[PDB]
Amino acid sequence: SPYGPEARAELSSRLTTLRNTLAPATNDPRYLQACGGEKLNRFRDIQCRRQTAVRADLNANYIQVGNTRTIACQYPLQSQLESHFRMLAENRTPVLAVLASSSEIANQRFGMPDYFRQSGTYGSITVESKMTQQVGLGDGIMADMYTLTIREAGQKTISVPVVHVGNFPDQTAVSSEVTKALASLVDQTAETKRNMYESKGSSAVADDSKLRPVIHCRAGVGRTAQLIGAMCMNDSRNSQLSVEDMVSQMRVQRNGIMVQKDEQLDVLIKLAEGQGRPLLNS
């Protein structure tokens, strides 16, 4: 009963209603509008909740699912790179997880700058990329890791660990097993980096808005949301948080598309079932 087709249909029904309610109107007060002149949204129908927006010129949101705090964003546009790097630095980002594949990034029609595998200067910010480890996730899926060192006069220099799933199967969903392995890697990477900041006595440890994992694919609503859901299920503090809760929270805090595909919701359901975690509220 709890994970049967009836329960799953009811979950989908509730989530579909929510998506409709959250659909953006013209000049919607709930969503971030360009401020302005440059393109803000990579996709016109995939918008950034205003009240949880990280920066006025980025499509990026603070998200809290149960107790788990992250930032979900779109792949930054070329014009957004300086702002994106400043976001990463100010957040003392303990991990940046990029779920757009190498094939997607290499497709120049998609306008996705190769900002983390190359070094460069973006306005006042200079970034150095270094290759680190490579971790297999299962099914031949590989996480390539980097460190991004972000330098800017007047700012403390920040190094950001990057987890890039270079061969993400961008046509299809990754399995629950691969998702689990990825969530574990991303969480572990973040824990190691956060610990460094704690050991140095960083003031960012006491700030709700900082030390958040940053996760994006192309739009930051599909693969991104699947990973965030898996990360929240890894969090010891989230007992009894339902799948309905998780997805509703992602949607209200970013946009109604979070967990874009039924295929992605299937993975979250499987992970929840493995834990005896409820699908529905009440």
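In case it trips you up, residue 1 is the first one in the sequence shown, and so on.
48 to 56 and 35 to 43 differ in mean CA B-factor, and the higher of the two is recorded for 35 to 43. Taking the PDB entry as given, 206 to 214 carries the higher mean Cα B factor of the two stretches 206 to 214 and 160 to 168. Taking only the listed residues 249, 226, 236, 242, the entry reports the highest CA temperature factor at 236. Of the candidates 27, 61, 68, 255, the PDB record gives 27 the highest C-alpha temperature factor. In this PDB entry, the Cα temperature factor of residue 75 sits in the bottom third of its chain's modelled residues, the lowest group. Sort the chain's modelled residues by C-alpha temperature factor and residue 110 lands in the highest third, per the entry. Residue 18: CA B factor lies in the middle third for its chain, per the PDB record. In the PDB entry, a CA B factor belonging to the highest third of its chain's modelled residues is recorded for residue 173. Sort the modelled residues of the chain by CA B factor and residue 200 lands in the highest third.
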